[PDB]
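Note sheet for the following structure.
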Protein chains: 6
Amino acid sequence: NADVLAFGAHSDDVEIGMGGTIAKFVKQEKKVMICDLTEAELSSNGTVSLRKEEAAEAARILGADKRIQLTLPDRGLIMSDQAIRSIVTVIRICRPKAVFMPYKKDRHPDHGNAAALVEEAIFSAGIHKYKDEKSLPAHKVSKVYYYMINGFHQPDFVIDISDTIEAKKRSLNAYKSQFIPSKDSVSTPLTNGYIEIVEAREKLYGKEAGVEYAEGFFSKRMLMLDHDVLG
Amino acid sequence: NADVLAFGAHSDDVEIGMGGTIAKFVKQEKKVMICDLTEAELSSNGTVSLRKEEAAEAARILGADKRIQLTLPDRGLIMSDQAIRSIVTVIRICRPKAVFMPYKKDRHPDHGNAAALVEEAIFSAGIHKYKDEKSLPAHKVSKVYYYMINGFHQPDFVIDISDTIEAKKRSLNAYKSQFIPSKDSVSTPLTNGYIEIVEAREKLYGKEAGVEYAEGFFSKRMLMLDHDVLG
Amino acid sequence: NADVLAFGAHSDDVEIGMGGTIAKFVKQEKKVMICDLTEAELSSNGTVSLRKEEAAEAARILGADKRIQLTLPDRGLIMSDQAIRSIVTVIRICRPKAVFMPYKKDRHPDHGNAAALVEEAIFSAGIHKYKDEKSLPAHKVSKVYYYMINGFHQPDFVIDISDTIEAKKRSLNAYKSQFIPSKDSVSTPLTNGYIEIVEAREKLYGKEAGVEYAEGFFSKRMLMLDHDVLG
Amino acid sequence: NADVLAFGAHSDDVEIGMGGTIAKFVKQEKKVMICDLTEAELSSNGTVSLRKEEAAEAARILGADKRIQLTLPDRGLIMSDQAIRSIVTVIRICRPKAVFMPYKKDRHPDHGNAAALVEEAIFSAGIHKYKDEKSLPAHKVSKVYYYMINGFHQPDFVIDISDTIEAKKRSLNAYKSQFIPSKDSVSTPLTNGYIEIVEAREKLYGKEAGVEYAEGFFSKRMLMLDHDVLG
Amino acid sequence: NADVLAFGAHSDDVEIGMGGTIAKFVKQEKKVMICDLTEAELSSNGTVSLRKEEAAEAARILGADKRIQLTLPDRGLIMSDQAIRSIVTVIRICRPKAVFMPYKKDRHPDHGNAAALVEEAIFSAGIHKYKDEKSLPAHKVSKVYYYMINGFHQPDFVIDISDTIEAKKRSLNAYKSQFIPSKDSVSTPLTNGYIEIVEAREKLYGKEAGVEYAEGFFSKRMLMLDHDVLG
Amino acid sequence: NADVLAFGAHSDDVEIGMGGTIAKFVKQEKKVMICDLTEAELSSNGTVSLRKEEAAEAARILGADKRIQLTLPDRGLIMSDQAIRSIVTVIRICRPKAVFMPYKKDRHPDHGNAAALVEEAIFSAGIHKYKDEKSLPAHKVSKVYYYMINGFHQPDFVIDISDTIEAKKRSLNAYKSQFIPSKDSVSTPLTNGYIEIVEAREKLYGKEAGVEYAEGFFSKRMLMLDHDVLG
Ligand SMILES: O=C(O)C[C@H](O[C@H]1O[C@H](CO)[C@@H](O)[C@H](O)[C@H]1NC(=O)NO)C(=O)O
Ligand SMILES: O=C(O)C[C@H](O[C@H]1O[C@H](CO)[C@@H](O)[C@H](O)[C@H]1NC(=O)NO)C(=O)O
Ligand SMILES: O=C(O)C[C@H](O[C@H]1O[C@H](CO)[C@@H](O)[C@H](O)[C@H]1NC(=O)NO)C(=O)O
Ligand SMILES: O=C(O)C[C@H](O[C@H]1O[C@H](CO)[C@@H](O)[C@H](O)[C@H]1NC(=O)NO)C(=O)O
Ligand SMILES: O=C(O)C[C@H](O[C@H]1O[C@H](CO)[C@@H](O)[C@H](O)[C@H]1NC(=O)NO)C(=O)O
Ligand SMILES: O=C(O)C[C@H](O[C@H]1O[C@H](CO)[C@@H](O)[C@H](O)[C@H]1NC(=O)NO)C(=O)O
Ligand SMILES: [Zn+2]
Ligand SMILES: [Zn+2]
Ligand SMILES: [Zn+2]
Ligand SMILES: [Zn+2]
Ligand SMILES: [Zn+2]
Ligand SMILES: [Zn+2]
């Protein structure tokens, strides 16, 4: 029974969009699970096996309870029955209260393609007659949120991560192959000051909210507020 | 030091948009103040003096701590320096944490005109060199929300009012002259099943959120969520 | 030559979104046909064979002229050439003046997936060289509209159903397995006061329009008005 | 009891936005009245007295029943109580079923400023206690529409004017001082092929609708359709 | 190394949306390549072989350097890995600075389906580990623009084509089978004054910009302006 | 004949929104003039006379050719005929090719109120019969742009300021009273790391565009591009 299940297309997606929030939730003694849909086998830098090691270290730094690896294809997250079914299994295993996934308004098409698959899976996961690979019972997710990877958009709300910005930056620096040039690295948008740009975005959202750093989220489901109305 | 200050153009505006929420806040031992910008002197039904009595009874039913009467003109809420200054005084007296006002997308122009005046007043209230009628100190409101009177729009969030729907309906029935036909009443949009339409809207928003009844709100200021993310 | 062909993903979709409008059209002596894309085989309550009986009774209550059953998969309305072609056949058989389908902004992904298939089919149906399963001639639909199932959105227009609200409620009550708890029913969003929520929405749209009940529609095609400008 | 009352800021506004529609309505034996808010005294070409003659000829060409001249200031349509009251009088005299006014998304600020005044006047006109200059009874307008002058926007609906495009072009050519260069004319956006641009827009809207020419309109009030759903 | 690569679903798409711009670029001594995704085999008028001849003549009239023919299916531009890969090859062969494709808001679904495939291909083309059919190196497109075929929408920007409107009209008249009725033609939206409607749209966009004719474009990528800020 | 005239409500507005762009234009040997609508007499920090000195130093650092001081009231930028006329005079004196003003989506109401006045003034400035205080001839501004002060919104375009970011930061540091705490300063949103937040925003817009720093702008007038299409 995870409190949170956070999907990314590629390892490092969840950390870029909400690593400060994961670190915050783990410190509140929530159970947080991370699921990567792909092994990022088309990444310009690194290898599949090195990337897995880096992702395991990022998850340990944040205190995530489990890292689940799916093997859908990098640049191949086409809508299909079989891809949805694989994700339904993960949802029904973790029985999360809240699912997070990438926001679709992003230069990388895998981010929106991942969100479309995860939305179909959340619905199918709650239908008892829908059969997954492991024949697991129906599960109804209560909260569904979207985090930003490449975007800088006006979010529906923010979460204060002022106390976990260092844990987020450590989790990102775990992906040395992705963000840090080396003798054999090639130039990508990620190797040219990208962690400083994520920090700049979280500083701007923090300013909107009167704190040092905040992460932005969307919800398509209606938000119901209680303690946070007057705070 | 009010926790909440709720503005309307006319008495009954605040009750239609958020009477369930006021009743909820008062039961949480919050201090709630209501301010009507006008005496509703152009109301097709009733009189100024009868309307004041009805508004005092609605405020008592909800447990609001004080009802403040301004005398800006009904159908005359033109943007002016002097109208903004009158509202700044109310803000600086009550020192509210949260201000509520009408959402502007409404068939009645006074509702959007009231919101425009209250937005200018919230900003001017925080400027120490800005002088109000009573020479009061600067006050910075922390939360600013918009409630719906005539509209049915998709809100930014809802508040569960399932436990205070009866208190809301009692507060509305206090405005007998506005909602209940009599020997000398004239037809208005308010005298033809209007309280049942408010209840229908709050039932539909409750369905979006998985509760019996909820009230809808907007915020232009960024929402920062904490306990309500996972709830 | 049907005047109207109304598509749903599942039987009861068309009734929830526009059963009052179908009943209204049949009373105007229009020929109305209903097509369900799926047999709803993953429905939490009931069976495929019981659901068909209920759908035949709903169609009889509304006076629809024919109910067409397709066998695309429940939770499997992926965009495909073969799924579009199956729908093109139905369009070319019925030669409707107006096609109705679900609005895509809906918690159930099959509703938007159904609309995407029906949009592709309407275009392909008008292309003479496009071959359907029954080798039927090209047909150009004149009007294309979207109805709301789970949503409450601001529509492009409404239709007064004040005189057919009882026929709509009877058509919905025909789906006993879907809406009415029984000894062996499971909880769904449909078994917890859902017909009262549809009635509340149609009451709110009626208020916008000055009538008791109205159903909301969208059009992507430009509306051309004549008698209804001054009415 | 006019069927239609069409407001413009300046004479020629109503003709540019909806002269084909006025000509169509008059041929349907509707009573159409036109009201110009200003005498266009700051017009680069012509004079106040010449402009009035041209406006009287345009109204005669279209068959409008009366042309009402207000004297609010050109480039001075600031929101004021007294400007709203002057317009309320016109509404209460004509008792129109439908009011038309300029759409606000227009390079000329007087067009949106005129619409804002007319919206306030339509509401105040229906309030019996609101007193106009001539102490006239309350009047409730049923339909409220917006036409485009300088814009080319996607409208909410169109009206086929294929049969009245020549009457529209004659009404525009009545404003010789505005559209036709002369020995003493100065260059304006109106003197450089402007009637051909209005014709091009009405040709493009006609294409959207499958007719030769159509005029575009907006409505903020909900549209309720009946005969035009299936047409 | 093309300066420009313009994709259409069907030959004549690029000419309708941006033939004036292609003619303008060729006169500036830019290298312009055109790629048609389909052979338009379901076209109501003409044949595949006649259409190819007409497309070769249109390309010659505009001075395009090469016309590339893909064989994806007319009315079959479903998102697939293999369709994306075919387009990646064209991008990696031409190494364009700028890619143009259809805007998705269009009555013909192939136009949006083509844009979705081309967007996925532009991203995959820049990923070195992504393998195309011809094993070509990664290529990063710098500018990505959308042109309008059937639409008339408010664009993000326009390009003055006043000096190449005649070359555009000649390129369109090359498609005799598509636009000009004959003894054996059937009625389509294209055979009923369609070239005059394209000219009317370019006249309206020219008016917005103060020139005789202009073509409209969208960009999802951020525009960075320098010389055109002050022009 | 200024190339550029940039309006702010308060001195430091233009520098926050576009000081890098002004510095860039001056280095291109454009004539840039700055106009402040108010003397910022309600500023929590500093005095009117100190603020003028700081504004003169900021203008010198950027190389602006003239700084024009109007005396409209701080927190009193109500729409009025006389306020518009004062601004028309400045426009007709400077005869700018391009006018810049604040974007209206901003927590400070004076920023949107200033933009509304400047929009009315740009239109009235081009009307020869409209008389300003100095009886100056009509002037037609060619380009009209909006810059962001407090906002972080997705702009219509950016300008690369990578080479003038230091000049921008020097111009902002000239406003010591506004941004730098002192013995007698009070806390405002401007005294708590605000210049670092402006730099973070310009870093994020630079990332969208592939440069180090960029400033964001809006245009309501249609953009016509030529050299910047292919760049
Ligand atoms: O576009 C990028 O961000 C760089 C690009 O990396 C992104 O795209 C690759 C291809 O789908 C992925 O393998 C890689 O995981 C992805 N990175 C990513 O999304 N980080 O948030 C690269 O490796 O060239
Ligand atoms: O339009 C209506 O809702 C009816 C109308 O009442 C509204 O407008 C009047 C004129 O501004 C106001 O005096 C009256 O308070 C107002 N009612 C109202 O907004 N209730 O929420 C009436 O009395 O005729
Ligand atoms: O989510 C719901 O509305 C309940 C759900 O029913 C909807 O989803 C099922 C799975 O796709 C469908 O078989 C069923 O027809 C559908 N009902 C429906 O859309 N009614 O308008 C259920 O049976 O659990
Ligand atoms: O901007 C224009 O359309 C030209 C301009 O005419 C418009 O603006 C003037 C100043 O408000 C008005 O007197 C004139 O009536 C107005 N014309 C107009 O809106 N036609 O639809 C002019 O005379 O210079
Ligand atoms: O809808 C139309 O524009 C007419 C239609 O032509 C369009 O659709 C056909 C079917 O996909 C295509 O073969 C044909 O190329 C296409 N024309 C087109 O998009 N021109 O811009 C026809 O030939 O009937
Ligand atoms: O809200 C703020 O930015 C602080 C505030 O300063 C802004 O508001 C004051 C009142 O209108 C102005 O005098 C002051 O110029 C203004 N500053 C400003 O907009 N900087 O971009 C203050 O001095 O308290
Ligand atoms: Zn990724
Ligand atoms: Zn009210
Ligand atoms: Zn359904
Ligand atoms: Zn006008
Ligand atoms: Zn095409
Ligand atoms: Zn300012």
Side-chain angles (χ1 to χ4, degrees), chain B residues 78-82 84 120 124, chain D residues 41-42 72-80 83 108-110 112-113, chain F residues 1-2 4-14 17 31-43 48-49 51-52 55-56 59 64-65 67-104 106 108-141 144-147 149:
Chain B
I78 314 286
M79 181 61 59
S80 76
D81 291 336
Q82 72 150 13
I84 295 165
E120 291 275 355
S124 291
Chain D
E41 60 276 10
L42 303 181
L72 300 172
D74 193 4
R75 299 298 302 130
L77 296 182
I78 314 286
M79 181 61 59
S80 76
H108 197 321
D110 282 10
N113 290 346
Chain F
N1 213 168
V4 173
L5 170 60
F7 287 96
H10 323 107
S11 62
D12 72 28
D13 289 352
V14 167
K31 189 202 269 282
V32 180
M33 298 192 165
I34 297 172
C35 173
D36 311 309
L37 292 188
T38 85
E39 293 188 308
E41 60 276 10
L42 303 181
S43 287
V48 166
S49 59
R51 189 57 163 282
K52 282 175 184 166
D65 160 278
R67 198 166 199 131
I68 303 157
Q69 180 69 74
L70 291 190
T71 58
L72 300 172
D74 193 4
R75 299 298 302 130
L77 296 182
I78 314 286
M79 181 61 59
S80 76
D81 291 336
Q82 72 150 13
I84 295 165
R85 202 174 311 274
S86 296
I87 301 168
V88 172
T89 303
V90 173
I91 297 174
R92 279 178 173 176
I93 288 170
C94 296
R95 299 181 340 289
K97 177 84 160 55
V99 168
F100 294 72
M101 77 192 89
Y103 191 57
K104 72 181 187 174
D106 184 317
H108 197 321
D110 282 10
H111 297 162
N113 290 346
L117 286 168
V118 171
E119 289 165 351
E120 291 275 355
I122 289 163
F123 191 85
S124 291
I127 301 304
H128 80 83
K129 293 185 173 154
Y130 181 94
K131 201 154 209 204
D132 73 277
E133 215 78 339
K134 295 194 177 318
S135 298
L136 298 169
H139 174 69
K140 242 52 141 249
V141 169
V144 180
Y145 301 120
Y146 307 74
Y147 62 74
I149 305 165

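Letters A, B, ... mirror the listed sequences (proteins, then strands); counts begin at 1. Below, all heavy atoms of this structure are taken into account, side chains as well, without hydrogens, waters or symmetry copies.
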ask   = Between D:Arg75 and F:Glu120, does at least one N-O distance fall below 4.0 Å, as a salt bridge requires?
value =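 Here D:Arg75 pairs with F:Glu120 in a salt bridge, since their nearest N and O are under 4.0 Å apart.
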query = Below 4.0 angstrom, N of the basic side chain to O of the carboxylate: do F:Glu39 and F:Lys52 qualify?
reply =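 Judged by the 4.0 Å cut-off on N to carboxylate O distance, F:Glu39 and F:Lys52 do form a salt bridge.
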Taking [X] for its side chain and [Y] for its backbone only, find out whether a donor-acceptor pair lies under 3.5 Å.
X: F:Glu41; Y: F:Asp74; value: yes
X: F:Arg95; Y: F:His139; value: no
X: F:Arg92; Y: F:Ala125; value: yes

inquiry  = Restricting to side chain to side chain donor-acceptor pair (under 3.5 Å), what partner residues turn up for F:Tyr146, sequence neighbours left out?
reply    =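 Scan of F:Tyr146 (side chain to side chain donor-acceptor pair (under 3.5 Å), adjacent residues dropped) gives F:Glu119.
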query = Could you state the interatomic distance from CD (F:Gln82) to CG (F:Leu72), rounded to the nearest 0.5 Å?
reply =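 Rounded to the nearest 0.5 Å, the CD-CG separation comes to 7.5 Å.
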Would you indicate whether the side-chain heavy atoms of [Y] and [X] approach each other to under 4.5 Å?
X: F:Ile93; Y: F:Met33; result: no
X: F:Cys94; Y: F:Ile68; result: yes
X: F:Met79; Y: F:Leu117; result: yes

ask   = If every non-hydrogen atom of F:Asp12 is compared with every non-hydrogen atom of F:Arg51, which pair is closest and at what distance?
value =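 Smallest interatomic distance, heavy atoms only, reads OD2-NH2, 3.5 Å.
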query = Is it true that atom NZ of F:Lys104 has more than 12 heavy atoms of other residues, nucleotides or ligands lying nearer than 6.0 Å?
reply =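 Not more than 12 within 6.0 Å, no.
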inquiry  = Tell me whether the count of non-hydrogen atoms from other residues, nucleotides or ligands lying under 6.0 Å of NZ in F:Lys131 goes above 12.
reply    =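 Check fails, neighbour count at 12 or below.
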key: Stepwise side chain to side chain contact (heavy atoms under 4.5 Å, CB included) test for F:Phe100 and F:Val14   = CA-CA 9 Å; F:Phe100 294 72; F:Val14 167; over 6 Å; no
inquiry  = One pair to check against side chain to side chain contact (heavy atoms under 4.5 Å, CB included): F:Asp13 and F:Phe7. What are the steps and the verdict?
reply    = CA-CA 8 Å; F:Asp13 289 352; F:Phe7 287 96; over 6 Å; no
